[PDB]
Amino acid sequence: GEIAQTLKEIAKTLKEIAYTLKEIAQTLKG
Amino acid sequence: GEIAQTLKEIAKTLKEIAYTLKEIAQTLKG
Amino acid sequence: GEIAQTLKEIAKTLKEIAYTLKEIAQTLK
Amino acid sequence: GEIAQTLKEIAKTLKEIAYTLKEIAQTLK
Amino acid sequence: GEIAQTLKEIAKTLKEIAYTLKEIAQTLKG
């Protein structure tokens, strides 16, 4: 189903967002 | 219908958010 | 119905988040 | 049901995220 | 099924994102 596929894409993009925020948090502490 | 369309819009906005976070991460590294 | 209304709220809050992140990116640049 | 409840939780967490980003934007400005 | 499980994963990743943003906000206040 189309909805299940779009939700898997949303979940993957959110994992990327969470990882980039961990990089930003570390860069701000040096 | 509307649910499938709104989830595609959510997925598109999340890609924009992921990209702007990668730009912010790069700006903090010069 | 209820599901579609909650998803429209989620979509609207995500547009707000995307815009605030664009503002942050501009301030840092 | 479970799906309606999880979507309400997602909407609520996104309002928190939107607020924290607005606080970050103000700190940087 | 699959959709309920994907939505629980999305909710969990969003709680992590909310936490990391609070850590970033505190670092930016020193």
# chains A, B, ... in the order shown; residues from 1 in each chain; ligands from 1
call {"tool": "residues_around", "arguments": {"residues": "range 16-24 of chain C", "least_positions_apart": "2", "cutoff": "8 Å", "atoms": "only C-alpha atoms", "output": "list in words"}}
result
residues 13, 14, 16, 17, 20, 21 and 24 of chain B; 12, 13, 14, 26, 27 and 28 of chain C; 17, 18, 21, 22, 24, 25 and 28 of chain D
call {"tool": "calpha_fit_and_write", "arguments": {"fixed": "chain B", "moving": "chain E", "output": "PDB file with N, CA and C atoms, in the first residue's frame"}}
result
ATOM      1  N   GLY E   1      -6.513   9.023  -1.104  1.00  0.00           N
ATOM      2  CA  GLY E   1      -7.364  10.186  -0.746  1.00  0.00           C
ATOM      3  C   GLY E   1      -6.604  11.241   0.040  1.00  0.00           C
ATOM      4  N   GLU E   2      -7.327  11.965   0.911  1.00  0.00           N
ATOM      5  CA  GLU E   2      -6.782  13.099   1.687  1.00  0.00           C
ATOM      6  C   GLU E   2      -5.628  12.572   2.526  1.00  0.00           C
ATOM      7  N   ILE E   3      -5.733  11.460   3.221  1.00  0.00           N
ATOM      8  CA  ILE E   3      -4.664  11.005   4.151  1.00  0.00           C
ATOM      9  C   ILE E   3      -3.402  10.720   3.339  1.00  0.00           C
ATOM     10  N   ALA E   4      -3.477  10.034   2.213  1.00  0.00           N
ATOM     11  CA  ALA E   4      -2.272   9.725   1.414  1.00  0.00           C
ATOM     12  C   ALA E   4      -1.623  11.040   0.976  1.00  0.00           C
ATOM     13  N   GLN E   5      -2.406  12.028   0.587  1.00  0.00           N
ATOM     14  CA  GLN E   5      -1.852  13.321   0.096  1.00  0.00           C
ATOM     15  C   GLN E   5      -1.185  14.049   1.251  1.00  0.00           C
ATOM     16  N   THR E   6      -1.796  14.083   2.416  1.00  0.00           N
ATOM     17  CA  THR E   6      -1.194  14.767   3.589  1.00  0.00           C
ATOM     18  C   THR E   6       0.111  14.074   3.941  1.00  0.00           C
ATOM     19  N   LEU E   7       0.161  12.765   3.915  1.00  0.00           N
ATOM     20  CA  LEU E   7       1.424  12.045   4.236  1.00  0.00           C
ATOM     21  C   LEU E   7       2.492  12.387   3.206  1.00  0.00           C
ATOM     22  N   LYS E   8       2.160  12.541   1.938  1.00  0.00           N
ATOM     23  CA  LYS E   8       3.184  12.936   0.927  1.00  0.00           C
ATOM     24  C   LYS E   8       3.675  14.355   1.236  1.00  0.00           C
ATOM     25  N   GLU E   9       2.814  15.250   1.675  1.00  0.00           N
ATOM     26  CA  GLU E   9       3.234  16.631   2.039  1.00  0.00           C
ATOM     27  C   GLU E   9       4.176  16.560   3.234  1.00  0.00           C
ATOM     28  N   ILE E  10       3.847  15.781   4.238  1.00  0.00           N
ATOM     29  CA  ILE E  10       4.694  15.607   5.439  1.00  0.00           C
ATOM     30  C   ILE E  10       6.052  15.083   5.009  1.00  0.00           C
ATOM     31  N   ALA E  11       6.096  14.106   4.109  1.00  0.00           N
ATOM     32  CA  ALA E  11       7.381  13.524   3.669  1.00  0.00           C
ATOM     33  C   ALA E  11       8.215  14.587   2.955  1.00  0.00           C
ATOM     34  N   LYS E  12       7.583  15.417   2.152  1.00  0.00           N
ATOM     35  CA  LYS E  12       8.290  16.492   1.395  1.00  0.00           C
ATOM     36  C   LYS E  12       8.821  17.510   2.376  1.00  0.00           C
ATOM     37  N   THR E  13       8.053  17.955   3.344  1.00  0.00           N
ATOM     38  CA  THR E  13       8.536  18.975   4.300  1.00  0.00           C
ATOM     39  C   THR E  13       9.691  18.367   5.089  1.00  0.00           C
ATOM     40  N   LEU E  14       9.632  17.107   5.463  1.00  0.00           N
ATOM     41  CA  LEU E  14      10.729  16.488   6.221  1.00  0.00           C
ATOM     42  C   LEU E  14      11.988  16.439   5.356  1.00  0.00           C
ATOM     43  N   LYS E  15      11.934  16.199   4.059  1.00  0.00           N
ATOM     44  CA  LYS E  15      13.148  16.235   3.216  1.00  0.00           C
ATOM     45  C   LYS E  15      13.711  17.657   3.244  1.00  0.00           C
ATOM     46  N   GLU E  16      12.867  18.678   3.198  1.00  0.00           N
ATOM     47  CA  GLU E  16      13.396  20.073   3.264  1.00  0.00           C
ATOM     48  C   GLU E  16      14.097  20.288   4.602  1.00  0.00           C
ATOM     49  N   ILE E  17      13.509  19.868   5.701  1.00  0.00           N
ATOM     50  CA  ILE E  17      14.084  20.018   7.058  1.00  0.00           C
ATOM     51  C   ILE E  17      15.419  19.304   7.099  1.00  0.00           C
ATOM     52  N   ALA E  18      15.536  18.118   6.568  1.00  0.00           N
ATOM     53  CA  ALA E  18      16.792  17.347   6.574  1.00  0.00           C
ATOM     54  C   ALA E  18      17.840  18.138   5.793  1.00  0.00           C
ATOM     55  N   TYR E  19      17.484  18.715   4.695  1.00  0.00           N
ATOM     56  CA  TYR E  19      18.421  19.498   3.854  1.00  0.00           C
ATOM     57  C   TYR E  19      18.864  20.737   4.655  1.00  0.00           C
ATOM     58  N   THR E  20      17.971  21.499   5.168  1.00  0.00           N
ATOM     59  CA  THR E  20      18.338  22.730   5.885  1.00  0.00           C
ATOM     60  C   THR E  20      19.244  22.387   7.076  1.00  0.00           C
ATOM     61  N   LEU E  21      18.979  21.328   7.817  1.00  0.00           N
ATOM     62  CA  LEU E  21      19.851  20.938   8.940  1.00  0.00           C
ATOM     63  C   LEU E  21      21.247  20.598   8.428  1.00  0.00           C
ATOM     64  N   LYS E  22      21.405  19.950   7.279  1.00  0.00           N
ATOM     65  CA  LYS E  22      22.755  19.682   6.743  1.00  0.00           C
ATOM     66  C   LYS E  22      23.448  20.999   6.410  1.00  0.00           C
ATOM     67  N   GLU E  23      22.725  21.985   5.894  1.00  0.00           N
ATOM     68  CA  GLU E  23      23.326  23.313   5.598  1.00  0.00           C
ATOM     69  C   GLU E  23      23.787  23.944   6.921  1.00  0.00           C
ATOM     70  N   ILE E  24      22.958  23.926   7.951  1.00  0.00           N
ATOM     71  CA  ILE E  24      23.310  24.482   9.288  1.00  0.00           C
ATOM     72  C   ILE E  24      24.555  23.770   9.800  1.00  0.00           C
ATOM     73  N   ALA E  25      24.618  22.451   9.730  1.00  0.00           N
ATOM     74  CA  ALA E  25      25.762  21.689  10.271  1.00  0.00           C
ATOM     75  C   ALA E  25      27.037  22.125   9.561  1.00  0.00           C
ATOM     76  N   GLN E  26      26.978  22.358   8.251  1.00  0.00           N
ATOM     77  CA  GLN E  26      28.184  22.761   7.485  1.00  0.00           C
ATOM     78  C   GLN E  26      28.561  24.176   7.915  1.00  0.00           C
ATOM     79  N   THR E  27      27.615  25.092   8.067  1.00  0.00           N
ATOM     80  CA  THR E  27      27.958  26.468   8.524  1.00  0.00           C
ATOM     81  C   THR E  27      28.648  26.398   9.885  1.00  0.00           C
ATOM     82  N   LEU E  28      28.198  25.555  10.792  1.00  0.00           N
ATOM     83  CA  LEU E  28      28.785  25.461  12.157  1.00  0.00           C
ATOM     84  C   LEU E  28      30.191  24.863  12.091  1.00  0.00           C
ATOM     85  N   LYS E  29      30.574  24.200  11.010  1.00  0.00           N
ATOM     86  CA  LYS E  29      31.970  23.714  10.823  1.00  0.00           C
ATOM     87  C   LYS E  29      32.804  24.760  10.082  1.00  0.00           C
ATOM     88  N   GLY E  30      32.227  25.905   9.730  1.00  0.00           N
ATOM     89  CA  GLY E  30      32.950  26.985   9.038  1.00  0.00           C
ATOM     90  C   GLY E  30      33.052  26.702   7.557  1.00  0.00           C
TER      91      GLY E  30
END
call {"tool": "atom_distance", "arguments": {"atom1": "CA of residue 2 in chain D", "atom2": "CA of residue 15 in chain D"}}
result
20.3 Å
call {"tool": "decode", "arguments": {"residues": "chain B", "atoms": "C-alpha atoms", "output": "JSON list (two decimals), in the first residue's frame"}}
result
[["chain", "number", "residue", "atom", "x", "y", "z"],
["B", 1, "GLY", "CA", -7.36, 10.36, -0.79],
["B", 2, "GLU", "CA", -6.61, 13.24, 1.63],
["B", 3, "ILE", "CA", -4.61, 10.97, 4.06],
["B", 4, "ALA", "CA", -2.24, 9.73, 1.29],
["B", 5, "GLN", "CA", -1.83, 13.33, -0.03],
["B", 6, "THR", "CA", -1.15, 14.79, 3.44],
["B", 7, "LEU", "CA", 1.44, 12.06, 4.16],
["B", 8, "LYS", "CA", 3.23, 12.92, 0.84],
["B", 9, "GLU", "CA", 3.27, 16.61, 1.95],
["B", 10, "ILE", "CA", 4.68, 15.59, 5.38],
["B", 11, "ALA", "CA", 7.40, 13.49, 3.66],
["B", 12, "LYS", "CA", 8.34, 16.46, 1.41],
["B", 13, "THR", "CA", 8.51, 18.94, 4.33],
["B", 14, "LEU", "CA", 10.69, 16.49, 6.30],
["B", 15, "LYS", "CA", 13.16, 16.28, 3.35],
["B", 16, "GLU", "CA", 13.37, 20.13, 3.42],
["B", 17, "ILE", "CA", 13.99, 20.01, 7.23],
["B", 18, "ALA", "CA", 16.70, 17.33, 6.79],
["B", 19, "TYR", "CA", 18.47, 19.43, 4.15],
["B", 20, "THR", "CA", 18.34, 22.70, 6.12],
["B", 21, "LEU", "CA", 19.81, 20.83, 9.15],
["B", 22, "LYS", "CA", 22.69, 19.57, 6.95],
["B", 23, "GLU", "CA", 23.26, 23.23, 5.82],
["B", 24, "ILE", "CA", 23.31, 24.39, 9.51],
["B", 25, "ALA", "CA", 25.78, 21.56, 10.41],
["B", 26, "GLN", "CA", 28.06, 22.70, 7.52],
["B", 27, "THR", "CA", 27.79, 26.44, 8.47],
["B", 28, "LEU", "CA", 29.00, 25.54, 12.02],
["B", 29, "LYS", "CA", 32.14, 23.97, 10.37],
["B", 30, "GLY", "CA", 32.75, 27.12, 8.23]]
